[PDB]
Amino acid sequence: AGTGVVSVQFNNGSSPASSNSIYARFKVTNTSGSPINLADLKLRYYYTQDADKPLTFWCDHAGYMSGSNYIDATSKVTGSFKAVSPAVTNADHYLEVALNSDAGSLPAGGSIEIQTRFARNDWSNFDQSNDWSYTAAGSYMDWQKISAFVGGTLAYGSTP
């Protein structure tokens, strides 16, 4: 039921099922026929918490081409962790990646790369094997288990 305003690829550097870091990297492509305000772009990654501990979010790198100038939006990305009510199998929470009001505009046919990760404050191990959006992907690939919303409506992927 995705609008196809954007296409999205994913990879997590093929992280181990048991890991103290969850990686989530997206290559988002504007396939609608007009600029898109990065402010309107949300990305979601569904998982099972396994333990209720404080998490820390990191955006390692984010950037895109605007005309012929390369724009580094790394510092403009934010991450949020919210519950999935009601909880479904392999999904009781989800990471929501967003960008600040002035991130910029993604030009028609343009691409933005967003590399993120998160971990518990105590670095204990997660069990990614019971995470809905999890799959060991070492290179970008079309993975339909993550979602992208534009302006509040699903544009790519699915939700549990």
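Start at 1 and count along the sequence shown; that's the residue number.
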Greater mean Cα temperature factor according to the PDB record, 106-114 or 39-47: 106-114
Mean C-alpha B-factor comparison - 29-37 and 119-127, higher one: 29-37
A62 - Cα temperature factor, lowest/middle/highest third of chain: middle
Record-listed C-alpha B factor of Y140: chain third: highest
Chain-wide C-alpha B factor ranking for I71, given as lowest, middle or highest third: highest
Among modelled residues of the same chain, the CA temperature factor third for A24: lowest
